[PDB]
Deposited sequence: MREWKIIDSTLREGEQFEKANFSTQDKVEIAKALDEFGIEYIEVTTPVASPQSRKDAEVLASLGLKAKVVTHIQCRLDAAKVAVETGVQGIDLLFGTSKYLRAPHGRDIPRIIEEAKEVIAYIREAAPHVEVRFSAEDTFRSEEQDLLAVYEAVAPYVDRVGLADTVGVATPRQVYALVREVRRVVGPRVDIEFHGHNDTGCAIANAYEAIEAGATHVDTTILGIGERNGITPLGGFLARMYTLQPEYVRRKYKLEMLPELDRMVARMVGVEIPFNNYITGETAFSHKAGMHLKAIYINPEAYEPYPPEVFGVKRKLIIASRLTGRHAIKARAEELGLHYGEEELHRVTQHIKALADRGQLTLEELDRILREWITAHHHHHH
C-alpha cells in the first residue's frame, strides 16, 4: 500500500470532450453508475460556466451518492462563493498559468480561507496548472506554503508531455515538502501516450488520488482512461482493485459513455475493445489451451468480458 483513490472527471474534464453534450439526466445516470462501481470522487464542471452547469452541480451534489461530489474552479474568490453555495463536498482549485511568489501564496490562501470560513466541512484541493513545466523551486515554494491549509494538492500534466520518471521525481519532491498528511492528486493528459504510465508512477512516488474519465474522454485526446488505469493497477494489486470496485461493470460504463458522446469504443481499447483478448499465433493458442494465463495479463471474466481464439 500503495493506497489510492480515483477522482472521476467524466462530468468535468469529460465535458470538454469535443462531442460531449451531457443533459442533466445523462450526468445523473453517469454519476449513479460510477457510484455503483465504487468510484470515490466525482468531479463536475465549475458552476460559474453557465446557469445549467450550476444546476447540474447542485443536483449532482445532492443525489445522496456515497462518492464525494466535487467541483473544479479557477482559484478566485467569486468562483469560490458560487462553488460553496452548490453544496458540493469538495472544491478542486486550479491556479491558472514573472510574478512574485509571496503574492501567489497570498492570493491562494485568501480563496482557501474564504472556503474554510464559509464551509468548514468542504474538502479543498489546490493545483497549479501545467505543474511539470513550472519552474520547480517556485512551484515547491507555493505548494509548501499552501499545503498546511488544504486537504490535497494536485499536479497536472496539462499539455500531456510529462515523462514517467519526471512525474515520479516531482511527486516525490512534492510529498517531501507537503509532508505525509496532505493528499496528492495526479491529472494527466494523453497527448504522448503516457497518461496511464504517469498515473502509475505518481502513485509509486506517493500520490493518493488519480483523475480518470471513462474512455479517457476530455480536451484533445483526453486523460487517463478508467479502464486502462484499472488494467494497469489490477496486474499490480489485484486483491485491492477487485475489492474496491465492481470491475465487471466496466463494459457497461464504457458503452454508456461511448453511446452518449457518439463514438465507437476503439478496436484496441483496454479490456473492452473488440480486440483486447484476441489470440492468433499458433504458439500462443497452444499455451492458452493448457493455461490462458500464459498470454493474458488479467482474466477477461474479472472485467465481464471473454477471450477470442483465432484458430483459422
property: Coordinate gaps, deposited numbering; result: 98 to 105, 321 to 382
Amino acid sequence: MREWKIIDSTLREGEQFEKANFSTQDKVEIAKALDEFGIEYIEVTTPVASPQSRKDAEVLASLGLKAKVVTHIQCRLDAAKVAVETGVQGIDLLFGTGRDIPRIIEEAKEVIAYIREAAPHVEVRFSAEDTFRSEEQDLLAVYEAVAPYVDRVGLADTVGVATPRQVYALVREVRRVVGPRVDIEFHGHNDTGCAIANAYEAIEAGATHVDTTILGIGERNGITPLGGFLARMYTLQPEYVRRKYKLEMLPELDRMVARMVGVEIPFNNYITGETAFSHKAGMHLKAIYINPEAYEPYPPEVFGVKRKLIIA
From here on, numbers count along this sequence of modelled residues.
item: Missing-residue flag, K308, threshold a third of other entries; value: yes
item: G228 coordinate gap across at least a third of other entries; value: no
item: Residue stretch of maximal mean CA temperature factor, 103 to 111 vs 169 to 177; value: 103 to 111
item: 79 to 87 set against 212 to 220, stretch whose average Cα temperature factor tops the other in the entry; value: 79 to 87
item: Maximum C-alpha temperature factor, selected from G98, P225, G160, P238; value: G98
item: Top residue by Cα temperature factor, when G38, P266, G262, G64 are compared in the entry; value: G262
item: CA B-factor ranking of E274, expressed as a third of its chain; value: highest
item: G193 by Cα B-factor - lowest, middle or highest third of the modelled chain; value: lowest
item: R232 - Cα temperature factor, lowest/middle/highest third of chain; value: lowest
item: Modelled-residue ranking by C-alpha temperature factor, third containing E135; value: middle
item: Chain-relative CA temperature factor third for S9; value: lowest
